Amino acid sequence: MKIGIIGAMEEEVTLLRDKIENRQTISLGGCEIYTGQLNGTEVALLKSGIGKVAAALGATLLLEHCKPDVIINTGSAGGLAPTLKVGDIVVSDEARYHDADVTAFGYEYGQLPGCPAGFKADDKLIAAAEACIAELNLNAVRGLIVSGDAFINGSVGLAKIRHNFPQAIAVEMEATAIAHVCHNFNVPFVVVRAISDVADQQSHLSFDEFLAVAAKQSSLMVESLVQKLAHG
């Protein structure tokens, strides 16, 4: 069993990179993949870069060169669910683009042609993440995570997300692109991210202040998740 892990930023993957033993680095298409073992479990950790295209490019390389069994997308997120606080965990049951619009041709808002309207996260991965959450006494929410190529900062951008996706629990920039690539290769995925901000007019300040905490929380969750998946 080989678990794939994707994070956008150095800050989001560095704690995990530090823990990978028998570590090698694949440098390709402007991405880095760190292979080896995380607490005795085979992993391949991609630092993708920010945004949908970076993520898609990276995920494609990871799948092709490492052939992981499953994909875990980690990192920070803007919280949208009312009970989320900075540091809290969000688990995808599903990922959708909040910025895709071909509704003029009768696709669902956020759906692109040739894709499902949303991408369903894997039930077994979700169950394992929720067990870890319980064992670690974490505050978490499970639900729709929406992705776009914009940093959300209140105002019109937030209003548009609330309009189209009142049920969305968090917003970020890579998860759906990762889900989309996984869909095309029939690879199970889950998103396990931690809240850095709440996507409002204070989101820039909050993010600067709480990215470190979000990166730590998400990484600790991912470590626990990898362990649970490999060793029950």
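Numbering starts at 1 and runs along the sequence shown.
K.L.:
158 to 166 versus 131 to 139: which one carries the higher mean Cα B factor per the record?
P.N.:
Averaged over C-alpha atoms, the B-factors run higher in 131 to 139.
K.L.:
If you average the CA temperature factors as listed in the entry, which stretch comes out higher, 45 to 53 or 32 to 40?
P.N.:
On average, C-alpha B-factors are higher across 32 to 40.
K.L.:
For the listed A150, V90, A121, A81, which has the peak Cα B-factor recorded in the PDB entry?
P.N.:
Answer, based on the entry's C-alpha B-factors: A81.
K.L.:
Sort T60, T176, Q201, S196 by C-alpha B-factor from the entry and give me just the highest.
P.N.:
Answer for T60, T176, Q201, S196: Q201, with the highest C-alpha B-factor.
K.L.:
Based on the entry's values, in what third of the chain does the Cα temperature factor of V70 lie: lowest, middle or highest?
P.N.:
For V70, the deposited C-alpha B-factor lands in the middle third.
K.L.:
Which third of the chain does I145 land in by C-alpha B-factor: lowest, middle or highest?
P.N.:
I145: CA B-factor falls in the lowest third of its chain.
K.L.:
Taking the chain's C-alpha temperature factors as the reference, tell me which third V171 falls into: lowest, middle or highest.
P.N.:
As the PDB entry reports it, the C-alpha B-factor of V171 lands in the lowest third of its chain.
K.L.:
Can you tell me whether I26 has a C-alpha B-factor in the lowest, middle or highest third compared with the other modelled residues of the same chain?
P.N.:
Tercile = highest for this residue's CA B-factor.
K.L.:
Splitting the chain's C-alpha B-factors into thirds, which one does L125 fall into?
P.N.:
Middle third.
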